[PDB]
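In full-length UniProt numbering, the protein residues as written are 6 to 202, 213 to 425.
Even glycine gets a Cβ: it sits at the ideal position worked out from N, Cα and C.
Single-structure report; data block below.
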Ligand SMILES: O=P(O)(O)OC[C@H]1O[C@@H](O)[C@H](O)[C@@H](O)[C@@H]1O
């Protein structure tokens with residue numbers, strides 16, 4: 006019975022890794038193109054913006070669609086389309102064709118997660134859902150970590166035209182293999198399907224306060240994380256008077272702390288869920304959620320106040336790691352909670368809505384924050400961000416007891 010789980014999880018891991026690698030291959034192979042074709046910065050910004058917009062639309066559309074359609078076919082079709090786009094990218098010469106192909110790639114990138122989430126929910130009991138979710142989500146981290154080395158090594162021996170086509174062909178072959186391997190439901194194999202604890216309707220799903228509470232929480236958390244990640248180096252350089260290498264080390268520490276935080280949050284949340292009992296109200300992951308948001312606020316306060324022009328690098332690295340931990344925990348916890356608590360027949364819609372709120376929150380922490388910083392100072396902007404985070408965490412603590420199982424009310 007575990008052999009099927011092992012095979013399915015390995016197939017999903019490989020598929021998602023190839024997804025992310027061929028999403029980032031363009032930035033990986035930037036040089037050979039820039040010294041092959043005289044491209045300007047505006048054109049590259051245009052291409053990246055087109056891909057980002059296509060992916061942002063395709064995430065919501067793919068979630069809503071995968072709420073209904075099968076998982077194996079959708080996953081394989083997405084991977085095949087991405088591979089074909091990467092193949093066609095190797096013969097392109099003019100910028101408009103580059104932009105059109107990359108927009109198509111961004112559209113096809115949306116069919117990556119929702120099938121994996123649906124299969125993971127259908128095949129795994131709730132006591133391991135969060136742990137295996139985090140383990141699967143580390144695949145994109147691995148691909149990003151091991152991309153540039155391979156890209157540079159291959160470019161040192163061959164041009165990009167021989168680099169993108171090979172990856173596209175690999176995508177096609179792996180897509181066919183994953184179509185062969187992945188099984189959507191245990192009953193298809195011929196086993197005993199899991200029994201969950213009157214189909215729900217979107218009308219009676221949208222009228223649940225817990226969904227809006229979760230959406231607001233994710234908006235706030237994602238906005239704060241994006242703001243800190245964007246402007247930490249500038250805050251450390253312009254006023255604190257440090258060096259650039261300190262900023263680079265602080266970024267690396269934040270990334271490592273974030274990875275560790277995501278994995279630890281998943282593991283501890285799964286352990287607490289398994290140990291605790293069953294009830295309609297509340298959710299066992301709320302304790303870890305609130306603890307990590309408290310870590311958010313405390314780390315922000317200490318970084319804003321204590322760090323001065325005469326502080327050792329060790330303090331800065333420790334603060335960065337702690338903030339990364341406490342900021343990459345709740346981001347995964349919101350996704351796990353949003354997928355799990357939803358009724359089985361509407362698992363993707365909640366995740367899609369939460370992601371759209373995440374997009375709005377990520378927008379909110381862009382130009383307005385820079386405007387505020389350039390108006391008064393950087394410290395004032397970080398102070399208002401900290402106040403927002405503290406108010407949000409207090410409000411979320413007050414509403415820990417509201418009904419969680421959204422959908423049909425009996
Ligand atoms: O593409 P999506 O829908 O945003 O999924 C990716 C991320 O979505 C978040 O909701 C999850 O918490 C993360 O674990 C996951 O990595």
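Run through DSSP, which three-state label would residue 286 get?
In this structure, residue 286 counts as helix in the three-state DSSP scheme.
State yes or no: is the C-beta of residue 64 nearer than 8 Å to some heavy atom of ligand 1?
Within the cutoff, so yes.
Residues with a Cβ closer than 5 Å to any heavy atom of ligand 1, in chain order?
Per the Cβ criterion, the list is 118, 142, 347, 350, 370.
Where does residue 418 fall in DSSP's three states?
If DSSP states are grouped into helix, strand and coil, residue 418 belongs with the strands.
What distance in whole Å lies between the Cβ atoms of residue 247 and residue 376, which are believed to be in contact at a cut-off of 8 Å?
Not quite, the Cβ-Cβ distance comes to about 18 Å (not below 8 Å), so this is no contact.
Starting from the C-beta of residue 100, find all residues in its chain whose C-beta is less than 7 Å away, skip the five residues before and the five after it, and write them out in chain order.
Hits under 7 Å: 48.
By a C-beta neighbour count over all protein chains shown, 10 Å radius and 16 as the cutoff for buried, is residue 132 buried or exposed?
Answer is exposed; the Cβ neighbour count stays below 16.
Distance, Cα to Cα, residue 135 vs residue 269?
Using only the alpha carbons, I get a separation of about 22 Å.
Based on Cα-Cα distance, which residue from 214, 405, 394 lies nearest to residue 323?
Checked all of 214, 405, 394; the closest Cα to residue 323 is 394.
Can you give me the C-alpha to C-alpha distance between residue 89 and residue 123, rounded to a whole angstrom?
Cα to Cα, residue 89 sits roughly 25 Å from residue 123.
Let me check one thing: in DSSP terms, what residues is residue 296 bridge-paired to?
DSSP lists 418 as partners of residue 296.
So, with DSSP's three-state summary, where would you put residue 212?
Coordinates for residue 212 are absent; the numbering of the chain skips from 202 straight to 213.
Exposed or buried, which one is residue 119 when buried takes at least 16 other CB atoms within 10 Å?
Buried is the call here.
If we ignore side chains and look at the alpha-carbon of each, how far apart do residue 31 and residue 271 end up?
Near 24 Å, if we compare the C-alpha coordinates of residue 271 and residue 31.
Using beta-carbon positions only, say whether residue 183 and residue 17 come within less than 9 Å of one another.
Yes. Within cutoff.
Beta carbon of residue 6, beta carbon of residue 114: below 9 Å?
Cβ distance not < 9 Å, so residue 6 and residue 114 don't count as in contact.
Kindly provide the ranges of any alpha helix (DSSP H) runs that are 4 or more residues long and lie completely inside the segment 322-406, ordered along the chain.
If we require 4 residues or more, the alpha helix (DSSP H) runs fully inside the segment 322-406 come out as 328-356, 362-379, 382-390.
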